Each structure stands twice: as C-alpha cells, then as structure tokens.
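S.K.: Okay, so here is data.cif, and as you'll see once you scroll down, it has mmCIF, C-alpha atoms.
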```
data_upload
loop_
_atom_site.label_atom_id
_atom_site.label_comp_id
_atom_site.auth_asym_id
_atom_site.auth_seq_id
_atom_site.Cartn_x
_atom_site.Cartn_y
_atom_site.Cartn_z
CA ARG Y 1 77.24 120.53 109.63
CA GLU Y 2 79.69 119.85 112.45
CA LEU Y 3 81.05 116.67 110.87
CA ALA Y 4 81.44 118.69 107.65
CA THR Y 5 83.43 121.44 109.37
CA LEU Y 6 85.56 118.73 110.92
CA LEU Y 7 86.17 117.24 107.47
CA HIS Y 8 87.21 120.68 106.25
CA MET Y 9 89.60 120.97 109.20
CA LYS Y 10 90.95 117.61 108.07
CA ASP Y 11 91.11 118.86 104.47
CA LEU Y 12 93.16 121.81 105.71
CA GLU Y 13 95.49 119.41 107.52
CA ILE Y 14 95.85 117.14 104.47
CA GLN Y 15 96.44 120.06 102.10
CA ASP Y 16 99.13 121.20 104.55
CA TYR Y 17 100.91 117.92 103.82
CA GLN Y 18 100.23 118.23 100.09
CA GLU Y 19 101.83 121.68 99.80
CA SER Y 20 105.24 120.37 100.92
CA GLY Y 21 106.32 116.82 100.12
CA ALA Y 22 104.29 114.17 101.96
CA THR Y 23 103.80 111.61 99.21
CA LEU Y 24 101.20 108.90 99.80
CA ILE Y 25 102.59 105.39 100.31
CA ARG Y 26 99.44 103.24 100.32
CA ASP Y 27 98.10 103.79 96.80
CA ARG Y 28 94.56 103.05 98.00
CA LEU Y 29 94.09 105.58 100.85
CA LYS Y 30 93.31 108.58 98.60
CA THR Y 31 90.42 110.81 99.67
CA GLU Y 32 88.87 113.40 97.37
CA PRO Y 33 88.60 116.87 98.98
CA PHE Y 34 85.35 117.30 100.88
CA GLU Y 35 82.69 119.59 99.44
CA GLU Y 36 79.16 119.21 100.71
CA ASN Y 37 77.07 119.98 97.62
CA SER Y 38 78.36 117.19 95.39
CA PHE Y 39 77.98 114.59 98.13
CA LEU Y 40 74.48 115.72 98.94
CA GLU Y 41 73.88 115.27 95.21
CA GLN Y 42 75.30 111.74 95.17
CA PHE Y 43 73.25 111.06 98.29
CA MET Y 44 70.16 112.20 96.39
CA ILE Y 45 70.93 110.02 93.38
CA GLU Y 46 72.63 106.82 94.55
CA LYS Y 47 71.25 106.21 98.02
CA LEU Y 48 68.42 108.59 98.91
CA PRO Y 49 65.80 106.09 97.54
CA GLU Y 50 66.99 103.20 99.73
CA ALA Y 51 67.53 105.53 102.69
CA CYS Y 52 64.24 107.45 102.84
CA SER Y 53 62.21 104.25 102.34
CA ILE Y 54 59.69 104.16 105.18
CA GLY Y 55 59.30 100.38 105.17
CA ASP Y 56 57.72 98.92 108.32
CA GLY Y 57 59.21 101.28 110.91
CA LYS Y 58 62.04 98.89 111.73
CA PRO Y 59 65.08 101.13 110.97
CA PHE Y 60 63.63 103.89 113.14
CA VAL Y 61 63.24 101.69 116.20
CA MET Y 62 66.63 100.18 115.42
CA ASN Y 63 68.87 103.17 115.14
CA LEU Y 64 67.20 106.43 116.13
CA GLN Y 65 65.88 105.63 119.60
CA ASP Y 66 68.95 107.18 121.23
CA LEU Y 67 68.32 110.48 119.52
CA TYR Y 68 64.60 110.01 120.12
CA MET Y 69 64.99 109.81 123.88
CA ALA Y 70 67.53 112.58 123.77
CA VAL Y 71 65.22 114.92 121.84
CA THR Y 72 62.36 114.04 124.19
CA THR Y 73 64.58 114.99 127.12
CA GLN Y 74 65.64 118.30 125.52
CA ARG A 1 77.10 107.71 109.10
CA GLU A 2 78.74 108.22 105.73
CA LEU A 3 80.25 111.52 106.82
CA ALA A 4 81.67 109.84 109.91
CA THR A 5 83.23 107.14 107.76
CA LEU A 6 84.67 109.83 105.49
CA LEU A 7 86.13 111.32 108.67
CA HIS A 8 87.71 107.97 109.45
CA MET A 9 89.17 107.62 105.92
CA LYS A 10 90.71 111.09 106.13
CA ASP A 11 92.08 109.99 109.51
CA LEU A 12 93.68 107.07 107.68
CA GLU A 13 95.17 109.44 105.10
CA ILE A 14 96.64 111.79 107.72
CA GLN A 15 98.05 108.76 109.55
CA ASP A 16 99.62 107.57 106.30
CA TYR A 17 101.18 111.03 106.14
CA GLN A 18 102.70 111.08 109.63
CA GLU A 19 103.54 107.48 110.59
CA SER A 20 105.07 106.39 107.27
CA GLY A 21 105.08 109.49 105.08
CA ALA A 22 107.87 110.90 107.27
CA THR A 23 106.49 114.44 107.05
CA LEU A 24 105.04 117.04 109.41
CA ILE A 25 102.89 120.17 109.11
CA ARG A 26 102.67 123.73 110.45
CA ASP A 27 101.10 122.20 113.58
CA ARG A 28 98.32 124.80 113.45
CA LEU A 29 95.83 122.55 111.60
CA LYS A 30 96.23 119.25 113.47
CA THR A 31 92.85 117.57 113.90
CA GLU A 32 91.88 114.86 116.37
CA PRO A 33 91.29 111.36 114.94
CA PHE A 34 87.58 110.91 114.40
CA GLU A 35 85.42 108.63 116.54
CA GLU A 36 81.64 108.86 116.32
CA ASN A 37 80.92 107.86 119.94
CA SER A 38 82.69 110.81 121.51
CA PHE A 39 81.48 113.13 118.74
CA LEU A 40 77.92 112.10 119.59
CA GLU A 41 78.35 112.46 123.35
CA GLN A 42 79.73 115.96 122.93
CA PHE A 43 77.12 116.94 120.36
CA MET A 44 74.32 115.86 122.69
CA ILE A 45 75.95 117.46 125.74
CA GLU A 46 76.77 120.83 124.18
CA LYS A 47 75.06 121.43 120.79
CA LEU A 48 71.84 119.42 121.14
CA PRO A 49 69.96 121.94 123.38
CA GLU A 50 69.98 124.21 120.31
CA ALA A 51 70.37 121.55 117.61
CA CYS A 52 66.82 120.21 118.04
CA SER A 53 65.09 123.55 118.79
CA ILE A 54 61.66 123.83 117.17
CA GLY A 55 61.48 127.63 117.34
CA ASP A 56 59.12 129.40 114.95
CA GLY A 57 59.59 126.74 112.27
CA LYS A 58 61.71 129.34 110.56
CA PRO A 59 64.94 127.29 110.64
CA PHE A 60 63.06 124.20 109.51
CA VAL A 61 61.63 125.91 106.47
CA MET A 62 64.99 127.35 105.59
CA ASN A 63 67.44 124.56 106.12
CA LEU A 64 65.88 121.40 104.75
CA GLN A 65 62.96 122.20 102.45
CA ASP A 66 65.12 120.91 99.61
CA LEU A 67 65.51 117.55 101.31
CA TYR A 68 61.85 117.81 102.21
CA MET A 69 60.96 118.06 98.53
CA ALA A 70 63.36 115.35 97.47
CA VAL A 71 62.04 112.80 99.95
CA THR A 72 58.45 113.74 99.15
CA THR A 73 59.26 112.92 95.52
CA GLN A 74 60.97 109.65 96.46
CA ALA W 1 114.22 89.99 98.82
CA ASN W 2 117.82 89.09 99.54
CA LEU W 3 117.23 85.64 98.08
CA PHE W 4 116.00 87.10 94.80
CA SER W 5 118.91 89.52 94.78
CA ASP W 6 121.47 86.77 95.25
CA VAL W 7 121.20 84.61 92.15
CA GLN W 8 122.81 85.79 88.94
CA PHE W 9 120.65 84.56 86.07
CA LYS W 10 118.24 87.15 84.76
CA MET W 11 114.67 86.70 85.99
CA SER W 12 111.62 86.96 83.75
CA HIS W 13 108.97 86.96 86.48
CA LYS W 14 109.46 87.13 90.25
CA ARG W 15 106.69 85.84 92.52
CA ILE W 16 106.55 85.27 96.28
CA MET W 17 104.07 82.84 97.79
CA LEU W 18 103.20 83.24 101.46
CA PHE W 19 101.61 80.38 103.37
CA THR W 20 99.90 81.66 106.52
CA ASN W 21 96.42 82.24 107.90
CA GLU W 22 97.18 84.72 110.68
CA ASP W 23 95.32 87.33 108.70
CA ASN W 24 96.60 90.01 111.06
CA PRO W 25 100.34 89.31 111.39
CA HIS W 26 100.44 91.31 114.61
CA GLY W 27 97.79 93.51 116.15
CA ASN W 28 100.15 94.09 119.07
CA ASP W 29 103.16 96.06 117.77
CA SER W 30 101.98 98.66 115.28
CA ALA W 31 105.54 99.70 114.43
CA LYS W 32 106.27 96.24 113.05
CA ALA W 33 103.18 96.58 110.85
CA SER W 34 104.14 100.05 109.62
CA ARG W 35 107.57 98.78 108.66
CA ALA W 36 105.75 95.89 106.99
CA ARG W 37 103.79 98.16 104.68
CA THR W 38 106.95 100.11 103.95
CA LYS W 39 109.12 97.15 103.01
CA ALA W 40 106.33 95.42 101.10
CA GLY W 41 105.66 98.53 99.05
CA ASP W 42 109.37 98.63 98.33
CA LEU W 43 109.32 95.04 97.07
CA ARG W 44 106.33 96.00 94.94
CA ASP W 45 108.60 98.64 93.38
CA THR W 46 111.78 96.58 93.10
CA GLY W 47 110.11 94.44 90.46
CA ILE W 48 108.82 91.69 92.76
CA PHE W 49 105.21 90.58 93.17
CA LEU W 50 103.84 88.94 96.29
CA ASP W 51 100.92 86.60 96.82
CA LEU W 52 99.10 84.82 99.64
CA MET W 53 96.45 82.16 99.45
CA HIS W 54 94.30 82.23 102.58
CA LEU W 55 94.73 78.60 103.53
CA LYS W 56 92.32 77.95 106.43
CA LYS W 57 91.41 79.40 109.83
CA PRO W 58 88.53 79.21 112.31
CA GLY W 59 87.27 82.68 111.60
CA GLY W 60 90.07 85.06 110.63
CA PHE W 61 89.63 84.42 106.92
CA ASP W 62 89.77 87.98 105.57
CA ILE W 63 92.21 89.90 103.38
CA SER W 64 91.21 93.53 104.06
CA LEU W 65 92.85 93.03 107.47
CA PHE W 66 96.37 94.29 106.68
CA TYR W 67 96.69 92.50 103.31
CA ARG W 68 94.48 94.53 100.97
CA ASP W 69 97.50 96.79 100.49
CA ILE W 70 99.97 93.92 100.00
CA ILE W 71 98.77 91.38 97.45
CA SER W 72 97.86 92.29 93.89
CA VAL W 73 85.15 88.63 98.53
CA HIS W 74 86.69 86.15 100.96
CA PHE W 75 86.20 82.76 102.64
CA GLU W 76 88.08 80.24 104.81
CA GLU W 77 89.83 78.45 101.92
CA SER W 78 91.50 79.70 98.74
CA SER W 79 90.47 78.48 95.31
CA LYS W 80 93.82 79.91 94.24
CA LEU W 81 95.59 77.05 96.04
CA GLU W 82 93.40 74.29 94.63
CA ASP W 83 94.70 74.76 91.09
CA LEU W 84 98.25 74.52 92.41
CA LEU W 85 97.34 70.86 92.94
CA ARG W 86 96.23 70.28 89.34
CA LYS W 87 99.43 68.30 89.04
CA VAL W 88 100.21 68.83 85.33
CA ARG W 89 103.21 67.65 83.29
CA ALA W 90 103.03 69.98 80.30
CA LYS W 91 106.09 71.82 79.08
CA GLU W 92 106.40 75.20 77.41
CA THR W 93 108.69 77.38 75.33
CA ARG W 94 108.39 81.13 75.18
CA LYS W 95 107.69 83.34 72.17
CA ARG W 96 110.44 81.61 70.22
CA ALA W 97 110.74 82.64 66.59
CA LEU W 98 111.25 79.44 64.63
CA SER W 99 112.72 81.40 61.73
CA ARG W 100 112.44 84.99 60.52
CA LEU W 101 112.12 85.22 56.74
CA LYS W 102 111.53 88.29 54.60
CA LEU W 103 108.27 87.92 52.71
CA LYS W 104 108.69 89.79 49.43
CA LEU W 105 105.59 90.66 47.42
CA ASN W 106 107.73 90.96 44.29
CA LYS W 107 111.39 91.49 43.46
CA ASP W 108 111.27 94.92 45.14
CA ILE W 109 108.67 95.00 47.93
CA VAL W 110 109.87 92.98 50.93
CA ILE W 111 108.26 92.65 54.37
CA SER W 112 109.54 91.06 57.56
CA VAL W 113 107.69 87.95 58.70
CA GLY W 114 108.40 85.76 61.72
CA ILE W 115 107.53 82.14 61.05
CA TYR W 116 106.26 80.94 64.42
CA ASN W 117 105.01 77.51 65.48
CA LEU W 118 101.68 76.82 67.18
CA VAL W 119 101.69 73.02 67.29
CA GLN W 120 104.79 70.88 67.57
CA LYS W 121 104.05 67.24 68.59
CA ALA W 122 106.29 67.09 71.62
CA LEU W 123 108.44 63.99 71.86
CA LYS W 124 109.89 62.53 75.02
CA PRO W 125 113.08 64.33 76.09
CA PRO W 126 116.04 62.67 74.41
CA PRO W 127 117.72 60.22 76.77
CA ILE W 128 121.34 60.55 77.81
CA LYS W 129 123.70 57.60 77.83
CA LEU W 130 125.16 56.91 81.28
CA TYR W 131 127.90 54.64 82.58
CA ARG W 132 126.55 51.53 84.29
CA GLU W 133 127.87 51.89 87.96
CA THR W 134 129.16 55.36 87.87
CA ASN W 135 126.07 57.09 86.36
CA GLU W 136 128.48 59.51 84.67
CA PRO W 137 127.95 60.98 81.19
CA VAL W 138 129.67 58.91 78.51
CA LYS W 139 130.39 61.47 75.76
CA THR W 140 129.73 59.44 72.63
CA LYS W 141 132.64 59.56 70.19
CA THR W 142 131.45 58.06 66.91
#
```
Let me see the structure of the file written as structure tokens.
M.R.:
Amino acid sequence: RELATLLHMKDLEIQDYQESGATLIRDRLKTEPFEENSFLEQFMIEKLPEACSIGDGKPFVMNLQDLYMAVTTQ
Amino acid sequence: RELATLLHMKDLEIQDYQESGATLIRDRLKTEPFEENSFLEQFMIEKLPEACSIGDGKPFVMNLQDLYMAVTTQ
Amino acid sequence: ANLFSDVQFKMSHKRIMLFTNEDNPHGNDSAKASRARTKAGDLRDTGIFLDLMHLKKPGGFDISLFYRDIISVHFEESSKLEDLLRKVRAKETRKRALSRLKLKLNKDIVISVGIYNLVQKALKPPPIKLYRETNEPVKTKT
C-alpha cells in the first residue's frame, strides 16, 4: 500500500510534467500510469503461479528471514 | 519487489524530465528517488508495529481473502 | 556528425561504426553522459544511424549499460563483427531500370512496365590504357 501511494505521488509528479511541455527524450523510458487493480490482475495471471509455488521452502529461508525476525520481534 | 522496480522506473522517467527534458514542475509534488533499503528501514521502524498486527483477525479476513482464494486455487 | 555534414554528394545511407569495449563510457561525470544521450538522439534524428560491435573485454560485455538507448542478449564478442571479415568481392547496382517500355494489351490499352534485370553475367571491369612511365590516361583517338 505504501509503495503504491508513493507511485501515485510519482504519477502526480509525472503528470505535472505532462500537463506543460516536458517531452520524453529516451523513447524507451515510458511508464504507464499506476493503478493497482490491473497490476494485481496481471500478477494473478502471469506470475502468481510461479510466485506462490511452495517448493521446498528454499525461497522463504532465502528472502523472508529479515521480515521473519522483525515480525517475531514486534 | 515489482512495485519497487516500478518506483525505480518512474524515478528514471522523472529524471529524464528534469536532467535532459529541460522542464520543471509546480514544486509541490516532488517525490524522493526510490530506494528499497531506506524504504524498508523506515517501514520497519515506523509502520511495522501496526503493519503486522494480528488483532481480531478482522483485518486479515478483509484485506487479503481474495489473494487467499487465488493462492488456494493455484 | 560534422564529417557527414561536410561532403557534398548526396548520401543514400549513413552509418557510424564505433569500436570500443568500455561499455560505460564514463561512470564518473554524469553530465558528460547526459550530453551524450542528447547529442546521440539528435544524430538519430538528423538521419544518421549509429552502431557498435562489442569487441572484447574481461567482464564489461553488456549493452544495457548506457548503450541500449544508442544503437538500433550479450556476450564478450560480437558476431556482428565476424561477418565484416567475410572478405567478399561482389559488386552491386541499385534498383536500376534497364528500360521502361509501355506494355499495350491491344492498340488502345497500354500499361507501364519496367524491364528490370535479375542476372547479368558480370565481366571484369574494362581496363584503361595507360602511358608506360607516366601512368597517365592516354585518351584513344581512333
């Protein structure tokens, strides 16, 4: 949620440029405006299967231990 | 992760706007360039005491039951 | 860019070949690199293409580092430079109409046909007669 509100702050900033001049130079830096629902949808379709795969418990011990210890502390 | 990288790409777009686009804004929407390390340290220092709160299970059953369902299916 | 601008004959295609492997031209002065994108984008819009073949480097063999926005996955050597050693002696002529003739179905219906050539049996280029010491042209006068 917080990263999303940040991306909407950024969308506000970018639209501020877009309302008055500010043409893009690098023709490959375009970003579509951020709206959660559609990306949650594409997350569901394209990458939710690979993501939510339980596997052998490796990704959990790999990446989440920081948050694990943090949540245990809190 | 993906939302952080979207944050970085929108950082790249805003940079394309200021450093080479030769344009400015109203200065009321300027957002800090995104880095996930700080973002995480601040989330876990400030928001985390309430971000991981178990509570009555009320917020759980409201906020994510959709994702719950989806990952059960997957 | 100035070099292309200088010469007077009209140019059909305009290509620039870099030869470098410092895949980041400078990670030290960002202003130089910003001006680099600007000028390169200009050249892309003045009618000039640009191209690098990643020759060879210990590590540092990537194109997304500052060049994904310049040229038109990756490795330490370019296949694109190997063919530039294929060392051929062909010769070519462009879309050269041998003769345009008006195909007429009858005495009234006429259509415009370009008789073109697709095989020609190239001969050796015709030799030129030169003076014995002075190597000058001799301007035959039969």
S.K.: For residue W:41, please output as a PDB file with C-alpha atoms, in the coordinates of the input all residues within 12 Å (counting only C-alpha atoms; exclusion window: fewer than 6 positions along the same chain).
M.R.:
```pdb
ATOM      1  CA  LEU Y  24     101.200 108.900  99.800  1.00  0.00           C
ATOM      2  CA  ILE Y  25     102.590 105.390 100.310  1.00  0.00           C
ATOM      3  CA  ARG Y  26      99.440 103.240 100.320  1.00  0.00           C
ATOM      4  CA  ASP Y  27      98.100 103.790  96.800  1.00  0.00           C
TER       5      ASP Y  27
ATOM      6  CA  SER A  20     105.070 106.390 107.270  1.00  0.00           C
TER       7      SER A  20
ATOM      8  CA  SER W  34     104.140 100.050 109.620  1.00  0.00           C
ATOM      9  CA  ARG W  35     107.570  98.780 108.660  1.00  0.00           C
ATOM     10  CA  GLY W  47     110.110  94.440  90.460  1.00  0.00           C
ATOM     11  CA  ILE W  48     108.820  91.690  92.760  1.00  0.00           C
ATOM     12  CA  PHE W  49     105.210  90.580  93.170  1.00  0.00           C
ATOM     13  CA  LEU W  50     103.840  88.940  96.290  1.00  0.00           C
ATOM     14  CA  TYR W  67      96.690  92.500 103.310  1.00  0.00           C
ATOM     15  CA  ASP W  69      97.500  96.790 100.490  1.00  0.00           C
ATOM     16  CA  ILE W  70      99.970  93.920 100.000  1.00  0.00           C
ATOM     17  CA  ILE W  71      98.770  91.380  97.450  1.00  0.00           C
ATOM     18  CA  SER W  72      97.860  92.290  93.890  1.00  0.00           C
TER      19      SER W  72
END
```
S.K.: Report as JSON lines: every residue of chain A with an atom at most 8 Å from chain Y, its closest pair of atoms, and their distance in Å to one decimal, counting all atoms listed in the file, with rows sorted by chain and ascending residue number.
M.R.:
```
{"residue": "A:3", "atom": "CA", "partner": "Y:3", "partner_atom": "CA", "distance": 6.6}
{"residue": "A:4", "atom": "CA", "partner": "Y:3", "partner_atom": "CA", "distance": 6.9}
{"residue": "A:6", "atom": "CA", "partner": "Y:7", "partner_atom": "CA", "distance": 7.8}
{"residue": "A:7", "atom": "CA", "partner": "Y:7", "partner_atom": "CA", "distance": 6.0}
{"residue": "A:9", "atom": "CA", "partner": "Y:31", "partner_atom": "CA", "distance": 7.1}
{"residue": "A:10", "atom": "CA", "partner": "Y:31", "partner_atom": "CA", "distance": 6.5}
{"residue": "A:11", "atom": "CA", "partner": "Y:10", "partner_atom": "CA", "distance": 7.8}
{"residue": "A:12", "atom": "CA", "partner": "Y:29", "partner_atom": "CA", "distance": 7.0}
{"residue": "A:13", "atom": "CA", "partner": "Y:29", "partner_atom": "CA", "distance": 5.8}
{"residue": "A:14", "atom": "CA", "partner": "Y:14", "partner_atom": "CA", "distance": 6.3}
{"residue": "A:16", "atom": "CA", "partner": "Y:24", "partner_atom": "CA", "distance": 6.8}
{"residue": "A:17", "atom": "CA", "partner": "Y:22", "partner_atom": "CA", "distance": 6.1}
{"residue": "A:20", "atom": "CA", "partner": "Y:25", "partner_atom": "CA", "distance": 7.5}
{"residue": "A:21", "atom": "CA", "partner": "Y:22", "partner_atom": "CA", "distance": 5.7}
{"residue": "A:22", "atom": "CA", "partner": "Y:22", "partner_atom": "CA", "distance": 7.2}
{"residue": "A:23", "atom": "CA", "partner": "Y:22", "partner_atom": "CA", "distance": 5.6}
{"residue": "A:24", "atom": "CA", "partner": "Y:17", "partner_atom": "CA", "distance": 7.0}
{"residue": "A:25", "atom": "CA", "partner": "Y:16", "partner_atom": "CA", "distance": 6.0}
{"residue": "A:26", "atom": "CA", "partner": "Y:16", "partner_atom": "CA", "distance": 7.3}
{"residue": "A:29", "atom": "CA", "partner": "Y:13", "partner_atom": "CA", "distance": 5.2}
{"residue": "A:30", "atom": "CA", "partner": "Y:13", "partner_atom": "CA", "distance": 6.0}
{"residue": "A:31", "atom": "CA", "partner": "Y:10", "partner_atom": "CA", "distance": 6.1}
{"residue": "A:44", "atom": "CA", "partner": "Y:70", "partner_atom": "CA", "distance": 7.6}
{"residue": "A:48", "atom": "CA", "partner": "Y:74", "partner_atom": "CA", "distance": 7.7}
{"residue": "A:49", "atom": "CA", "partner": "Y:74", "partner_atom": "CA", "distance": 6.0}
{"residue": "A:52", "atom": "CA", "partner": "Y:71", "partner_atom": "CA", "distance": 6.7}
{"residue": "A:70", "atom": "CA", "partner": "Y:44", "partner_atom": "CA", "distance": 7.6}
{"residue": "A:71", "atom": "CA", "partner": "Y:52", "partner_atom": "CA", "distance": 6.5}
{"residue": "A:74", "atom": "CA", "partner": "Y:49", "partner_atom": "CA", "distance": 6.1}
```
S.K.: If we count all atoms listed in the file and set the cut-off at 10 Å, which residues sit around stretch 120-136 of chain W, ignoring sequence neighbours fewer than 6 positions away in its own chain? Please answer as a list in words.
M.R.: residues 90, 91 and 92 of chain W
S.K.: Using all atoms listed in the file, find the residues of chain W whose closest atom to chain A is at most 12 Å away, then write them as an MDAnalysis selection string.
M.R.: chainID W and resid 30:39 41
S.K.: Pairing every C-alpha atom in order, fit chain A onto chain Y and give me the RMSD in Å.
M.R.: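 Between chain Y and chain A, the C-alpha RMSD is 1.2 Å.
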S.K.: What does the distance between atom CA of residue W:114 and atom CA of residue W:89 come to in Å, to one decimal place?
M.R.: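 Rounded to one decimal, the two atoms are 28.6 Å apart.
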